[PDB]
Amino acid sequence: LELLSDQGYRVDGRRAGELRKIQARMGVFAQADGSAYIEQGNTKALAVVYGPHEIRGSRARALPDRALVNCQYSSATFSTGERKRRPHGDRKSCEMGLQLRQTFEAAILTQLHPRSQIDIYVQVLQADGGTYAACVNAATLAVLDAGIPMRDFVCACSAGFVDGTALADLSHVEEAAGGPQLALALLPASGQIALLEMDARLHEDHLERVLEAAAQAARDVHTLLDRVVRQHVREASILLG
Amino acid sequence: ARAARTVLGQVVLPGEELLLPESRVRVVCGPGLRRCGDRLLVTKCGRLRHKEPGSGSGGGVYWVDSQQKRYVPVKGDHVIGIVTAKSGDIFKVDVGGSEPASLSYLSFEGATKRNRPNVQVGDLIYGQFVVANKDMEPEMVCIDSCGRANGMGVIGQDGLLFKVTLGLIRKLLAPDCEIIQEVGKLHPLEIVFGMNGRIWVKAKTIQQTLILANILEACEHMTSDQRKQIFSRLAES
Amino acid sequence: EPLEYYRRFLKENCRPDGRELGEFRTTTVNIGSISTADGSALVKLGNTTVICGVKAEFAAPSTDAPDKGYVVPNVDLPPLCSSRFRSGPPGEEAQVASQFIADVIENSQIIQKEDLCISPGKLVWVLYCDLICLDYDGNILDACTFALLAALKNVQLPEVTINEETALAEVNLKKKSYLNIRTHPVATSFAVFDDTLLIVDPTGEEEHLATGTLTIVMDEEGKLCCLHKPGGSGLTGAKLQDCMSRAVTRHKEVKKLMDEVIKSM
Amino acid sequence: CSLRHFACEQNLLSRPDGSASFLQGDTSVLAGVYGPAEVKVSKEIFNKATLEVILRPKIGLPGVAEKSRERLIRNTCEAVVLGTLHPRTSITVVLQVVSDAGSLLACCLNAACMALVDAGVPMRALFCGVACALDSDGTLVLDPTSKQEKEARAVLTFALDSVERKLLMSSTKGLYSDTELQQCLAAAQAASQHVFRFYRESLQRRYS
Amino acid sequence: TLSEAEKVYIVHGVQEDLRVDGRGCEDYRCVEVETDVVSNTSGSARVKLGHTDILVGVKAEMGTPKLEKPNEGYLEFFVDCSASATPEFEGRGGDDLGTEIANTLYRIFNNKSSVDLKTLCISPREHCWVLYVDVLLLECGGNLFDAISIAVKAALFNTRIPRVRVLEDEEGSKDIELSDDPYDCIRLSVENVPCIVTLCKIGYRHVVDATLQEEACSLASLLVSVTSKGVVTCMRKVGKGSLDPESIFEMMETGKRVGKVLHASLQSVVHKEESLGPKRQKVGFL
Amino acid sequence: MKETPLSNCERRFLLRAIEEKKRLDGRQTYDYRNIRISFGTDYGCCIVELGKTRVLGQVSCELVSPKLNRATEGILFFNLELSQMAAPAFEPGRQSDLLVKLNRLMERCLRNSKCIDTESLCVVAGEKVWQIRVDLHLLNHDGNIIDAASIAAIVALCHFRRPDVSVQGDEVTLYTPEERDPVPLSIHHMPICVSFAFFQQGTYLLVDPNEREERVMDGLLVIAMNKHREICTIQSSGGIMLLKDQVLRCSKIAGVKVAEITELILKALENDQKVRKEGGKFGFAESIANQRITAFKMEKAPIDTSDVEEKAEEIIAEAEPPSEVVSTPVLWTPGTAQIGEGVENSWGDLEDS
Amino acid sequence: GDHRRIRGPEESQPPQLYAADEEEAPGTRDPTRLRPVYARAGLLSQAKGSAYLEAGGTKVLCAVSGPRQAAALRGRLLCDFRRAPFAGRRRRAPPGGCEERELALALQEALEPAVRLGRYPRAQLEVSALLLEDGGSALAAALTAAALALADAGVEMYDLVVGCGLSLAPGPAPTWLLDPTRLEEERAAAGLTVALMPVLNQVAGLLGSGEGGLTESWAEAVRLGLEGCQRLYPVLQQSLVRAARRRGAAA
Amino acid sequence: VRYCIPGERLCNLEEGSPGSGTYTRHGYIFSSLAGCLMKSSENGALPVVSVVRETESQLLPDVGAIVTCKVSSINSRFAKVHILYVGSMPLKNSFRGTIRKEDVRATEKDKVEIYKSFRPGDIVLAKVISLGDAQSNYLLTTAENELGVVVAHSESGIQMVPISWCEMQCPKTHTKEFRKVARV
């Protein structure tokens, strides 16, 4: 099957260094302390956060120096072509909630809420392509909506490598083809990387170009989400006064 | 069923019995021995030892000495511990036993309700016990019998704290031990031993502190003479 | 108080149950009451009531030897028989009480799995015998064994015939056969006091204060199947030879009981 | 009848308090013990300690069988350890099966005994492990192998004291009569006299 | 929880036909039902009765008939309880509520005339259609039973069930052949799908569509399952207090009338949404 | 119970060291702690010791039916495990956020690299195929569990030897090491993990850290890369915030280290095969150091089995025979019978009515 | 499969699905009759309170444990329903089932309106019920027995709980029946079980589902259920009297 | 004599008054237990009717009640116990308690070292004062002359004897130890 034509067009019609269309939203729910909604291409995510509160259970599991970040991951049973129902014991959810907890224990400026918990929930309504970056961006928007201070605006994007060229924002068809996939979590102002992942084989000479293309695609996600945040804050500033 | 005063300096095993001298005597059995009837029973491996200073009186205790790591608090021992909490008006400290010890804010030298001492969480303290029976958490005071702290309190600012087995601590704390004098001949040093299996060292160079830390854990073994002098020369460098 | 009080009855040679330190409780059984099971039996041992039930199904023979029908025992201890058992997954006591019965079933060779196959390599019978304790007073492994053996003497299976062109199974529910039983293993339990005293048929309080326990199960030809000694004080060959002399009479008693209740139909 | 090659090593691992690997022929078992330490409040007992024994196989996961053989090992160590000297604390025994060649329970008991001795736990008397396997005719074989275990019609295992050679633990497989139970018990009593000599020689060498 | 004085004020108000919102003893707050929200599924709904939020999905898949009857399909429910609804719903903890709702839905739909079963069988003893109804709790704001029993009738009305004409003949291509048309489907005749009616009891008066505060002041409640025709399917009493025989008879009439109005108005609203088709766009979550 | 806490003097001393570019145990920055492998007697069993860590690897295969789809391959389980004896903290169900990241690292490396040839493990399709099952255990924790676990899994998989079968027409047959010789496996490449630790916000790094150095570090970087020059997984984790030159430097370092480790592994496997083929003695027993105080060996011993007959005979003869009070069973009504002291009345009736 | 039990065959199809004997015909009866019932209280010796209820083909055993440690100002009422595997046409999985949890909740939401928990602060009561045989209406037996056990365990209650059961005939002129059996329950279209307090005259629990859709049949089903719960009371009246007469005289 | 069921008509509000373990409604007296019908005539007519089983297997503690206990462990500021007897009768299960360092003596004084007051393994008589928090559940007290340790136990398993208000002595080895002796 052709994943890159001779003309340079992909299966869905975009070039190598081209992203899908994103359409976000802030303030979806009312009861919670924060909310967000993003649809990156054909993947629909959702995130809900709860502000610093009293530790549930009160089983002396607190930290006297910082706060306790608690991230979960879930997925709807109609999120793909087949039903594929799973119980709440899978290790895919555990590893996704652990990479989420790892990146948000580094992005959030947590040394201001001693002996407090932060509960972050992510719900995926339709998965087609990169799920990690869609969850990270939806929870970055939900955290901004909740007013929790943070060092920067963390954004994530993936990449690939086919026929000696570097792709960007891979889809499920391209992902399920046995290629060197790769994902980041970038802080645009400093250029630092919060998380790095990889699978499948790849030569050592092509790591610089796949990593550079992924970082550039994350910097391209940054501008599009930045205009959404600026329009939202100008909206509320106009409403307030 | 052998008799005592005959198997001194001999390796014994649990379950064996031995006969103390005939006329029941009030000699108290030590750590690895328990007195039953007019015989003694062995509950720990090791080597029988008897210590009576200088006279024909009592003057004498029976105690085997073995090699182990887990420490059980004994009343009147100088034990180094690490602070863990600051709850209430006490200082819970981890010594290495089953339960943590307990200081008091006024146990230090010249401490009152106002001029309390600065003790953080995660600091090492030199101090001795005053109650160590198996009925309560052990409790230690930290200055003196009279009240002048003789080097006790919080120690350690630019050294390295490592852990050794109880055998090396027992071997070093002997009146006929030449380990420290010869080891300090090469590298000048100052040590603060602890009967819970901990040692604090401070050499001049960090390299020397690493070397002393590694080469002191091996001095319980590697018997002196044919081995120790050549070993010292090789490490001289 | 605890130790000294009981030894007053021991020296008196009459324990608080009213027993001569070498006699068993009253034993009674019933068979054929639960009509939704292939076979069942209720065992009463002066408290310590245990009930067992057998269900027969079809299953595929194993890949190694396709001529054997499985038999699976299970012992369950609900939180209603006693007050120390808590709800949830099965505990240590029930797991040991099930492994012991599985070992007895295997070692005793009471049944042969070659008598359960229907068509070799295609279908074999499977027997599901489940034991539920209704009251825990003591001596569990004796009544569990007696309940299982009593139940296995009543289970009856229907004649199944497999066609050739249809190749399905047609069950003849009118002509019902019986089961072939080879031996009759009966167990006996002893409780050892501090270092020398041995009693028979103990109680939960006595097991709470005892320092060991021994169990011996015998065939109908004076052959030992298992010698369960979890550990404790320690015994000698003379004491074991004293125990087996009592176990011979106990086994004769129980085998006469089973030989008589079944005869009454 | 002849016990096969024996070997043992002590103080292998640096993290636990006492370690002891005991391999008898081809089969081997590794063990370690943590000394008296803190215990959960919901499981502690006054005037006594609490013994915890867990066994890990090499292939698969533990089931009903491994806990049924864990009770025997815990109730055997409970009869020779003076727990009253250490109340409100915990003693734990962990056993790992490295290789299996036959008579595994006896090698596990010897591994546990050597780990408790190395760890410096107050003990009342030592204990041993001897396994007997009489063949289809009655020829006794001591310390058998799984080749002989497969053919044998009965396999027996005993744990023996180190004072008067009494019987502590007994788990039996197969059916037999009492006469050869007595003769295999006597063979076990004769066999433990060499294992205890191996114990004494090993500890005498350790303190050289 | 709320204090005793607040509970006294609320119970006194209900007896006077006044409530904190301002409605009466029988008023019913409006809802914002919608359809065709999810892509991957074969039918969707989104019911918003207030602070609550529901989202369901129905997917029809190939399967095998059960043993008791060969000319039939079956229905599969799975009431998930997402942890975003409440922090106390983290991981384990939403299992008992989800099982309670799934069992209630099974009792509701466990009848021969629920929708149909002949239509979902194509070849006797060999094949059948299976339906997976997947409820997803998004928020909880009281009256959770009815906000789901409405989104189920709504989503069931929007099914597709793509038609298959494959011949079963052995000589022919027995393997299932579809119609190859991406837009060829069939409706489901959901006219008489039942719905749940809740009746909380406060004082000696019964109230429909009680809020969380009004639910905390009640001791019992009754559930009635009524179709558009006005027939009862399931009847379960839930609560922690007695109810008395009379209140059963005087609650049954209110269940009948509210059910009839609910069904007629739901038929009207779905027909209004359907009268204009691909126009009007679709808006949801954005 | 928990693990001993960390003081405030050791942290200062370790960081003064790291600043000064000198480590505790003497080894410089780009070094490993030397390695020592030991082989069992039956195939696919090894004990690796990196520094003072121990891992036990054991491979084992079995013949099953191959699911539905993928009718011409075999499956490959894995199961890492952490033994309660490895360290005080490990608890059977209370360390569930290290097991996951470890199993994942191991599985992504070993199963996504496609080095094992699961193509040629079929007998029929739709029918019985071999299901291998790797198994690792941690015995002693001293830091860097994953390098040791990876080397262990590699050696255990490169030392296994399957059973072997004859297939012709439509008929099966299963041999045994005396009927037919066990057969090796096919291993494309050798994926070997490497770890890096970062200290005081990426300013320094140290290769192959041990357990104290693991508690004074910010975050960890792992780079799994098979021989030649081909990377197979990377996973940044911990608390780190990285640059772009550093990933490349790390990749170079991992290249070098995996080269050296594969050298060592190949040499050790070769030596082991030479020993097994000469005809000498092998196994866990003939590995115990004899130059050491803590080892002792004892050849066989007939003990004296000359007396057991007499003792058993006298014991059986010298004890009281079974007594002769025989009990009677009572019959109430078909179905229920009682034995024992009995009950006075036949059965109760209208006792209270 | 399960690492805490003995593993047998992976799959096992019971012979009922291969049973070549066709389903028989139940028959007919008078719908104004009740199966004779025998009740015994205080059965178990190690339990604080117990009762055994048997009527026709139903055998259920219930035991009550005393108050233990751990809406406070009030005590909880834990419940647990479990039936023996050797009960009914087929076997059942030991680990559990959704039907058992449904009946446990139908028990908890029916026995709390009777006991007064405002007398056991920070305490809790545990009730365990076991069904030895399923030969008819089951939830009409797990309520009567679990209410007899509580009254015999010396806990303070406002009143007892008496349950009943009904089923609907499948003919062209359906009529509700009282105390149905498995031959009259597997051929039915709907079922109803009521829980009536006989003295306070207050319904405690209600449950019913099926094919009966006219709101004039359920009025009769409810009120004949109430007449049944008013007709089962005297037997339970003499059972606790005999239980206390025997228990007291043993001192 | 007649027994009861936990509901029946017994008396009017004019023909008597409710007692222990009973409730009333609509002008009638209704039973709430299965015990025995007891009518305490007392003095002044109008007997206070009540029902009592008189076979107490378990009984919940109250705000004020005398209980026999058994020390489990001791701390510098509290001492966890296990409630064993409710006054006289044996208890089927065991609850928990806590004696803070204010309830030892009848003065709520300073000093009062807990270590030598309630050594573990003893049996004491104490009174509850509250229903406690979730950390300490019953909050027992011994602030009375009649409360304190009653039956102690020696170091080596010998029945102990009171010797003074604060000191007890061993009969075998004549060893002196400290307790809090309650009056017999």
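Residues numbered from 1 in each chain as written, not as in the entry; some residues may be left out. Chains lettered and ligands numbered in written order. Part of a larger assembly, values for the part shown. Heavy atoms only, no water. Residues with missing side-chain atoms left out of burial classes, pairs and counts.

Details of the arrangement of the chains
Part 1: For this structure, the chain pair with the highest number of contacts among 15 pairs of chains in contact is chains D and F.
Part 2: At the C-alpha level, the nearest point of chain B lies 15 Å from chain C, with no contact between them.
Part 3: The smallest C-alpha distance separating chain E from chain H is 16 Å, and no contact links them. (Contact = heavy atoms within 4.5 Å.)

Considerations on the sheet that holds strand β4 (residues 28-31) of chain H
Residue and element names in this part refer to chain H.
Part 1: Pairing in this open sheet of three strands is antiparallel, and the strands run β1-β4-β3 from one edge to the other. The sheet is open, and its two borders are formed by β1 (9-12) and β3 (22-25), each paired with just one other strand. Averaged over all pairs of adjacent strands, the angle between strand axes in this sheet comes to 35°, irrespective of strand direction.
Part 2: By the bridge criterion, four bridges tie β3 to β4 in an arrangement that is antiparallel. Across the sheet, residue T22 finds its bridge partner in β4, namely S31. (Pairing = 2+ DSSP bridges. Helix = DSSP H or I, 4+ residues; strand = E, 2+ residues; numbered from the N terminus. Axes fitted to C-alpha atoms, helices over the stretch in contact; angles between N-to-C directions.)

Quick word on the pairing of strand β8 (residues 169-176) of chain C
Residue and element names in this part refer to chain C.
Part 1: Bridge analysis of strand β7 (residues 158-162) against β8 gives five bridges, and the strand direction is antiparallel. The partner of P158 across the bridge, within β8, is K176.
Part 2: Two successive antiparallel strands, β7 and β8, enclose a turn made up of six residues, where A167 displays a positive phi of approximately 65°.

Focus: unusual backbone geometry
Part 1: Cis geometry marks the peptide bond from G58 of chain B to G59 of chain B; its omega dihedral reads -10°.
Part 2: In this structure, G59 of chain B sits in the loop between β6 (46-50) and β7 (62-65).
Part 3: In this structure, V112 of chain H is a non-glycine residue whose phi angle is positive, near 50°.
Part 4: As for its placement among the helices and strands, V112 of chain H is situated in the loop between β10 (97-98) and β11 (123-128).

Concerning the pattern of salt bridges
Part 1: Scanning the entire structure with this criterion turns up 89 salt bridges over all chains.
Part 2: Measuring nitrogen to oxygen at the nearest pair gives 3.3 Å for the salt bridge that ties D53 of chain E to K48 of chain E.
Part 3: The class for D53 of chain E is buried, based on a relative accessible area of 5%.
Part 4: You can call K48 of chain E partly exposed: its relative accessible area is 26%.
Part 5: The shortest N-O distance in the salt bridge between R2 of chain H and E8 of chain H comes to 3.8 Å.
Part 6: Since its relative accessible area comes to 47%, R2 of chain H is described here as partly exposed. (Salt bridge = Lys/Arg side-chain N within 4 Å of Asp/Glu carboxyl O. Buried < 20%, exposed > 50% of the residue type's maximum accessible area, 1.4 Å probe, protein only.)

Observations regarding the nonpolar core
Part 1: Core analysis: the biggest nonpolar cluster contains 125 residues, and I120, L182 and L184 of chain A together with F196 and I223 of chain F have the highest contact counts within it.
Part 2: Top contributing element to this core by residue count: helix α3 (residues 145-157) of chain F, with eleven residues.
Part 3: The residues contacting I223 of chain F, other than those within four sequence positions of it, are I192, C193, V194, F196, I231, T233, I234, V247, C250, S251 and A254 of chain F.
Part 4: Counting residues in hydrophobic clusters, the runner-up holds 107 residues, among them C79, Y120, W176 and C229 of chain G. (Core = buried A, V, L, I, M, F, W, Y, C linked by side-chain atoms within 4.5 Å.)

A look at the side chain of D142 of chain C
Residue and element names in this part refer to chain C.
Part 1: Note that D142 resides in helix α3 (residues 140-152).
Part 2: One buried charged residue, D142, remains without a salt bridge, the closest side chain of opposite sign being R250 at 5.0 Å.
Part 3: Those residues in contact with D142 that sit more than four places away from it in its chain are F24, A187, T188 and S189. (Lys, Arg positive; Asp, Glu negative; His and termini not counted.)

Focus on the interface of chain F and chain D
Part 1: Tallying the contact residues gives 47 residues for chain F and 49 residues for chain D.
Part 2: Interface area, chain F with chain D, both sides summed: about 4,500 Å², of which 61% is carbon and sulfur.
Part 3: Considering only the surface of chain F that becomes buried against chain D, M85, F296 and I303 of chain F emerge as the three largest contributors, covering 17% of it.
Part 4: Inspection of the region where chain F meets chain D yields two salt bridges.
Part 5: Between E211 of chain F and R15 of chain D there is a salt bridge, and its shortest N-O distance comes to 3.9 Å.
Part 6: For the pair chain F and chain D, the number of links is eleven residue pairs in polar contact.
Part 7: Looking at the side of chain F that touches chain D, the elements with two or more residues in it are β3 (53-60), β7 (132-140), β12 (295-298) and α6 (308-317) of chain F.
Part 8: In the side of chain F that touches chain D, the residues fall into 22 nonpolar, eleven polar and 14 charged.
Part 9: Direction of pairing for strand β1 (residues 6-10) of chain D relative to β12 of chain F: antiparallel, over a ladder of four bridges. From the neighbouring strand, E9 of chain D faces β12 of chain F, where its bridge partner is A295 of chain F. (Buried area = accessible area lost by both parts, 1.4 Å probe. Polar contact = N/O pair within 3.5 Å; in protein donor to acceptor, adjacent residues only side chain to side chain. Nonpolar A, V, L, I, M, F, W, Y, C, P; charged D, E, K, R; others polar.)

Re the sheet that holds strand β4 (residues 33-36) of chain B
Part 1: What the four strands build is an open sheet, ordered β1-β3-β5-β4 (chain B); its pairing is mixed. Each having just a single partner strand, β1 (2-3) and β4 of chain B make up the two edges of the open sheet.

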